[PDB]
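Asks: Input file: target_31.txt. Contents: compact mmCIF, C-alpha atoms and all ligand atoms.
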# COMPACT_ATOMS: atom_id res chain seq x y z
CA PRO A 27 248.66 137.37 -55.23
CA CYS A 28 248.46 141.10 -55.89
CA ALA A 29 250.77 142.79 -58.37
CA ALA A 30 253.01 144.06 -55.56
CA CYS A 31 253.68 140.69 -53.93
CA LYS A 32 254.17 139.03 -57.32
CA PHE A 33 256.82 141.64 -58.06
CA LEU A 34 258.20 141.57 -54.51
CA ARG A 35 258.46 137.72 -54.27
CA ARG A 36 256.54 137.62 -50.97
CA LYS A 37 253.36 135.75 -50.14
CA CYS A 38 250.27 137.94 -50.50
CA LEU A 39 248.61 137.64 -47.09
CA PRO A 40 245.09 138.64 -46.04
CA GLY A 41 245.49 142.35 -45.41
CA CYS A 42 248.43 142.86 -47.76
CA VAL A 43 248.64 146.64 -47.82
CA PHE A 44 248.97 146.80 -51.63
CA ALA A 45 246.38 144.22 -52.70
CA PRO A 46 243.39 146.62 -52.49
CA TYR A 47 245.09 148.92 -55.01
CA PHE A 48 247.53 146.83 -57.11
CA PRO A 49 245.64 143.98 -58.78
CA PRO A 50 247.69 141.32 -60.60
CA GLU A 51 246.17 142.15 -64.01
CA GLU A 52 247.95 145.55 -64.00
CA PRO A 53 251.65 144.71 -63.56
CA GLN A 54 252.71 148.01 -65.12
CA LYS A 55 250.94 149.95 -62.36
CA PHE A 56 253.12 148.64 -59.54
CA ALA A 57 256.37 148.45 -61.52
CA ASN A 58 256.21 152.16 -62.37
CA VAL A 59 255.26 153.26 -58.86
CA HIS A 60 258.01 151.16 -57.27
CA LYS A 61 260.61 152.54 -59.69
CA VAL A 62 259.63 156.19 -59.23
CA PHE A 63 258.46 156.46 -55.61
CA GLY A 64 259.54 153.18 -54.02
CA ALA A 65 257.36 150.56 -52.34
CA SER A 66 258.35 151.80 -48.88
CA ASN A 67 257.50 155.45 -49.57
CA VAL A 68 254.15 154.41 -51.05
CA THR A 69 253.23 152.39 -47.96
CA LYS A 70 254.32 155.37 -45.86
CA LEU A 71 252.36 157.90 -47.92
CA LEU A 72 249.21 155.75 -48.05
CA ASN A 73 249.26 155.25 -44.27
CA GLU A 74 249.26 159.04 -43.84
CA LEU A 75 245.93 159.35 -45.69
CA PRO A 76 242.30 158.69 -44.76
CA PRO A 77 241.41 155.20 -46.05
CA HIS A 78 238.70 156.59 -48.36
CA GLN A 79 241.30 158.67 -50.25
CA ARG A 80 243.85 155.90 -50.85
CA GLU A 81 242.29 154.64 -54.09
CA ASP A 82 242.50 158.08 -55.72
CA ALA A 83 245.97 158.59 -54.23
CA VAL A 84 247.21 155.36 -55.84
CA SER A 85 245.66 156.32 -59.18
CA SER A 86 247.48 159.67 -59.06
CA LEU A 87 250.77 158.02 -58.10
CA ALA A 88 250.37 155.54 -60.95
CA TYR A 89 249.73 158.37 -63.41
CA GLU A 90 252.75 160.36 -62.19
CA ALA A 91 254.98 157.28 -62.18
CA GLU A 92 254.02 156.24 -65.72
CA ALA A 93 254.72 159.77 -66.95
CA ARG A 94 258.11 159.63 -65.21
CA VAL A 95 258.99 156.32 -66.87
CA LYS A 96 258.10 157.61 -70.34
CA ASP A 97 259.64 161.08 -69.75
CA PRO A 98 262.42 160.71 -67.16
CA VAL A 99 263.38 164.40 -67.30
CA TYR A 100 260.02 166.15 -66.89
CA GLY A 101 257.48 163.50 -66.00
CA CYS A 102 253.98 164.92 -65.98
CA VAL A 103 255.41 168.41 -65.37
CA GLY A 104 255.88 168.36 -69.14
CA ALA A 105 252.12 168.07 -69.60
CA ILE A 106 251.57 170.95 -67.17
CA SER A 107 253.99 173.14 -69.13
CA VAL A 108 252.27 172.27 -72.42
CA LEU A 109 248.82 173.00 -71.00
CA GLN A 110 249.90 176.29 -69.41
CA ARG A 111 251.27 177.49 -72.76
CA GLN A 112 247.97 176.66 -74.45
CA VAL A 113 245.96 178.50 -71.79
CA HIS A 114 248.14 181.55 -72.41
CA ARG A 115 247.73 181.36 -76.19
CA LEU A 116 243.96 180.92 -75.95
CA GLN A 117 243.55 183.73 -73.43
CA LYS A 118 245.50 186.04 -75.74
CA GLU A 119 243.26 185.07 -78.65
CA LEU A 120 240.15 185.58 -76.51
CA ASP A 121 241.32 189.05 -75.51
CA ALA A 122 241.40 190.14 -79.15
CA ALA A 123 238.03 188.52 -79.84
CA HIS A 124 236.27 190.10 -76.85
CA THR A 125 237.48 193.60 -77.74
CA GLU A 126 236.39 193.10 -81.35
CA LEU A 127 232.96 191.97 -80.12
CA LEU A 128 232.70 194.91 -77.74
CA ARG A 129 233.35 197.30 -80.63
CA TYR A 130 230.58 195.64 -82.65
CA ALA A 131 228.20 195.80 -79.67
CA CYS A 132 228.76 199.57 -79.49
CA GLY A 133 227.36 200.02 -83.01
CA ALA B 26 279.08 174.89 -46.80
CA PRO B 27 277.23 171.59 -47.28
CA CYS B 28 274.52 171.30 -49.89
CA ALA B 29 270.92 171.03 -48.74
CA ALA B 30 270.89 167.27 -49.35
CA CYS B 31 273.94 166.58 -47.17
CA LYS B 32 272.74 168.95 -44.45
CA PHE B 33 269.40 167.11 -44.37
CA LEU B 34 271.05 163.68 -44.44
CA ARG B 35 273.53 164.93 -41.80
CA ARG B 36 276.54 163.75 -43.81
CA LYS B 37 279.73 165.39 -45.04
CA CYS B 38 279.30 167.17 -48.39
CA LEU B 39 282.46 166.09 -50.20
CA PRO B 40 283.94 167.20 -53.53
CA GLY B 41 281.97 165.50 -56.27
CA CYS B 42 278.72 165.31 -54.27
CA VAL B 43 276.01 164.29 -56.73
CA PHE B 44 273.41 166.58 -55.11
CA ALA B 45 275.45 169.74 -54.59
CA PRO B 46 275.07 171.31 -58.09
CA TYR B 47 271.27 171.09 -57.84
CA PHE B 48 270.26 171.40 -54.15
CA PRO B 49 271.87 174.62 -52.90
CA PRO B 50 271.89 175.30 -49.14
CA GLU B 51 269.52 178.26 -49.61
CA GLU B 52 266.66 175.93 -50.67
CA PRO B 53 266.41 173.28 -47.94
CA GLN B 54 262.67 172.68 -48.36
CA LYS B 55 263.24 171.70 -51.99
CA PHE B 56 265.32 168.70 -50.92
CA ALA B 57 263.07 167.91 -47.95
CA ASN B 58 260.08 167.60 -50.30
CA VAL B 59 261.92 165.54 -52.91
CA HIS B 60 263.27 163.26 -50.19
CA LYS B 61 259.80 162.72 -48.71
CA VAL B 62 258.13 161.91 -52.04
CA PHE B 63 260.84 160.21 -54.14
CA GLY B 64 263.66 159.44 -51.70
CA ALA B 65 267.36 160.28 -51.96
CA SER B 66 268.28 156.89 -53.43
CA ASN B 67 265.77 157.21 -56.28
CA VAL B 68 266.98 160.74 -57.07
CA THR B 69 270.62 159.66 -56.99
CA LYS B 70 269.93 156.92 -59.54
CA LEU B 71 267.70 159.02 -61.80
CA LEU B 72 270.33 161.77 -61.87
CA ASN B 73 272.82 159.15 -63.07
CA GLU B 74 270.35 157.89 -65.69
CA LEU B 75 270.54 161.39 -67.20
CA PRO B 76 273.21 163.36 -69.05
CA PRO B 77 274.63 166.36 -67.16
CA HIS B 78 272.78 168.91 -69.31
CA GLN B 79 269.35 167.55 -68.27
CA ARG B 80 269.90 167.15 -64.52
CA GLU B 81 268.98 170.74 -63.65
CA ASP B 82 265.66 170.42 -65.49
CA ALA B 83 265.03 167.01 -63.92
CA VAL B 84 265.52 168.38 -60.40
CA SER B 85 263.28 171.36 -61.19
CA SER B 86 260.56 168.94 -62.29
CA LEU B 87 261.02 166.64 -59.29
CA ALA B 88 260.87 169.64 -56.96
CA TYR B 89 257.64 170.93 -58.49
CA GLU B 90 256.12 167.44 -58.39
CA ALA B 91 257.14 166.88 -54.76
CA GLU B 92 255.92 170.30 -53.61
CA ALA B 93 252.59 169.62 -55.34
CA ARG B 94 252.25 166.35 -53.41
CA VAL B 95 253.02 168.09 -50.11
CA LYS B 96 250.26 170.60 -50.90
CA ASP B 97 247.87 167.92 -52.24
CA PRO B 98 248.77 164.54 -50.71
CA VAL B 99 246.03 162.75 -52.69
CA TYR B 100 246.27 164.04 -56.26
CA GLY B 101 249.59 165.89 -56.33
CA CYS B 102 250.30 167.58 -59.63
CA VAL B 103 247.62 165.45 -61.32
CA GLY B 104 245.16 167.87 -59.74
CA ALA B 105 246.85 170.65 -61.70
CA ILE B 106 246.47 168.62 -64.91
CA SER B 107 242.77 168.07 -64.19
CA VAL B 108 242.26 171.81 -63.65
CA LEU B 109 244.22 172.70 -66.79
CA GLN B 110 242.32 170.14 -68.88
CA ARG B 111 239.04 171.76 -67.86
CA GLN B 112 240.31 175.30 -68.45
CA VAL B 113 241.73 174.65 -71.93
CA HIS B 114 238.47 173.00 -73.01
CA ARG B 115 236.49 175.92 -71.58
CA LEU B 116 238.64 178.63 -73.19
CA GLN B 117 238.53 176.83 -76.55
CA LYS B 118 234.73 176.64 -76.33
CA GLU B 119 234.52 180.32 -75.39
CA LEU B 120 236.84 181.30 -78.25
CA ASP B 121 234.91 179.26 -80.82
CA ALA B 122 231.67 180.90 -79.66
CA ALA B 123 233.26 184.35 -79.94
CA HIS B 124 234.44 183.69 -83.50
CA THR B 125 230.92 182.50 -84.36
CA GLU B 126 229.45 185.69 -82.88
CA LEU B 127 231.95 187.84 -84.78
CA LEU B 128 230.98 186.24 -88.10
CA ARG B 129 227.29 186.91 -87.46
CA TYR B 130 228.13 190.58 -86.90
CA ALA B 131 229.83 190.72 -90.30
CA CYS B 132 227.46 188.43 -92.24
CA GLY B 133 224.24 188.01 -90.25
ZN ZN C 201 249.82 141.45 -51.99
ZN ZN C 202 276.31 167.49 -50.76
In structure tokens, write the structure found in this file.

Replies:
Amino acid sequence: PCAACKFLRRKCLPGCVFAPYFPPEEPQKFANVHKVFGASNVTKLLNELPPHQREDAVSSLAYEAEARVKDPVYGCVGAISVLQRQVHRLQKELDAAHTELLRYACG
Amino acid sequence: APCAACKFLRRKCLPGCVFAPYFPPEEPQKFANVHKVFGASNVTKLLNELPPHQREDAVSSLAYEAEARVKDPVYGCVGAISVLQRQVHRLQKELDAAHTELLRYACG
């Protein structure tokens, strides 16, 4: 029984569409995804993808869902905002450093 | 005029519609993306998990996340995080090296 069928009460049949990606030892993975995206959407979105991309797709969904559970307002957009601010700060600092270095290089 | 959610769902946008303050008619693709990725029912319930003063930010985040998954159906906005993780590390390395070079100009 995969994590999905355990959660969903149903028997986990050969070819259960979640079993390849929701093992029972990771209950949190399916609970978060179901709460944020919904089991039906996930089946729909996985069917739209090449089979060889579905493992990475599930991993991304699980990451996004977990971030949504722990930060209901921003989810992982919060991380993106934090990282974008730090890029800006560092690029500003690098600007000053590069001009200082260029002045030294000119004698 | 019905909000973008009610126009998409082909239902009457009534006074008190939970979507109307956040899905204006001028931005139909915003709702279409959020509906595809999260679903109207999930957004309805999340919006009611939140106080009024956070709903606008929540929808903004959902919209960005859904648009990212339309553009990148595999990784979504996690691809952005991966890129930003690499870039921050790289810029920090470059800045540390520049500070080291500056000190050698003054001391070495
Ligand atoms: Zn199963
Ligand atoms: Zn409406």

Asks: Please indicate the distance in Å from atom CA of residue 47 of chain A to atom CA of residue 81 of chain A, rounded to one decimal place.

Replies: 6.4 Å

Asks: Give the answer as one residue: which of A:45, A:30, A:88, A:99 has the shortest atom-to-atom distance to chain B, using all atoms listed in the file?

Replies: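 Among the listed residues, the smallest separation from chain B belongs to A:99.
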
Asks: Taking the point (253.3, 143.7, -48.6) as given in the file, collect each protein or nucleic acid residue that comes within 8 Å of it, counting all atoms listed in the file, and present the set as a tab-separated table (two decimals) with C-alpha atoms, in the coordinates of the input.

Replies:
chain	number	residue	atom	x	y	z
A	30	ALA	CA	253.01	144.06	-55.56
A	31	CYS	CA	253.68	140.69	-53.93
A	34	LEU	CA	258.20	141.57	-54.51
A	36	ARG	CA	256.54	137.62	-50.97
A	38	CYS	CA	250.27	137.94	-50.50
A	39	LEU	CA	248.61	137.64	-47.09
A	42	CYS	CA	248.43	142.86	-47.76
A	43	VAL	CA	248.64	146.64	-47.82
A	44	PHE	CA	248.97	146.80	-51.63

Asks: Could you pull the residues within 7 Å of residue 102 of chain B, counting all atoms listed in the file, minus those fewer than 4 positions along the same chain, as a short mmCIF file (atom, residue, chain, number, x, y, z; two decimals) with C-alpha atoms, in the frame of the given file?

Replies:
data_model
loop_
_atom_site.label_atom_id
_atom_site.label_comp_id
_atom_site.auth_asym_id
_atom_site.auth_seq_id
_atom_site.Cartn_x
_atom_site.Cartn_y
_atom_site.Cartn_z
CA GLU B 90 256.12 167.44 -58.39
CA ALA B 93 252.59 169.62 -55.34
CA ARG B 94 252.25 166.35 -53.41
CA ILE B 106 246.47 168.62 -64.91
#

Asks: Just how far from atom CA of residue 110 of chain B is atom CA of residue 60 of chain A, in Å to one decimal?

Replies: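 Going from atom CA of residue 60 of chain A over to atom CA of residue 110 of chain B, I get 27.2 Å.
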
Asks: Set the cut-off to 10 Å, count only C-alpha atoms and all ligand atoms, and list whatever residues fall near ligand ZN 202 (chain C) as a compact mmCIF listing (two decimals) with C-alpha atoms, keeping the file's coordinate frame.

Replies:
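Full text of pocket-v7.txt as output:
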# COMPACT_ATOMS: atom_id res chain seq x y z
CA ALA B 26 279.08 174.89 -46.80
CA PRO B 27 277.23 171.59 -47.28
CA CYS B 28 274.52 171.30 -49.89
CA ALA B 29 270.92 171.03 -48.74
CA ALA B 30 270.89 167.27 -49.35
CA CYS B 31 273.94 166.58 -47.17
CA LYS B 32 272.74 168.95 -44.45
CA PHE B 33 269.40 167.11 -44.37
CA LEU B 34 271.05 163.68 -44.44
CA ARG B 35 273.53 164.93 -41.80
CA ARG B 36 276.54 163.75 -43.81
CA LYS B 37 279.73 165.39 -45.04
CA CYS B 38 279.30 167.17 -48.39
CA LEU B 39 282.46 166.09 -50.20
CA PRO B 40 283.94 167.20 -53.53
CA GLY B 41 281.97 165.50 -56.27
CA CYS B 42 278.72 165.31 -54.27
CA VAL B 43 276.01 164.29 -56.73
CA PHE B 44 273.41 166.58 -55.11
CA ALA B 45 275.45 169.74 -54.59
CA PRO B 46 275.07 171.31 -58.09
CA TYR B 47 271.27 171.09 -57.84
CA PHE B 48 270.26 171.40 -54.15
CA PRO B 49 271.87 174.62 -52.90
CA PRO B 50 271.89 175.30 -49.14

Asks: Please determine, counting all atoms listed in the file, which residue among A:98, A:68, A:127, A:103 has the shortest atom-to-atom distance to residue 80 of chain A.

Replies: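 Looking at the shortest contact to residue 80 of chain A, the residue is A:68.
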
Asks: Please provide the set of residues having any atom within 12 Å of residue 129 of chain A, restricted to only C-alpha atoms, with same-chain residues fewer than 6 positions apart removed, written as a PyMOL selection string.

Replies: (chain A and resi 122-123) or (chain B and resi 127+130)

Asks: Fewer than 2 positions away in the same chain doesn't count, so skip those; otherwise give me all residues within 12 Å of residue 73 of chain A, counting all atoms listed in the file, as a PyMOL selection string.

Replies: (chain A and resi 43-44+66-71+75-80+83-84) or (chain B and resi 98-99)

Asks: Please determine the contact residues of chain A with respect to chain B at a cut-off of 8 Å, counting all atoms listed in the file, and supply them as a ChimeraX atom specification.

Replies: /A:61-64,67,75,79-80,82-83,86-87,89-90,98-103,105-106,109-110,112-113,116-117,119-120,123-124,126-127,130

Asks: Tell me, in Å to one decimal, how far atom CA of residue 65 of chain B is from atom CA of residue 35 of chain A.

Replies: 24.4 Å
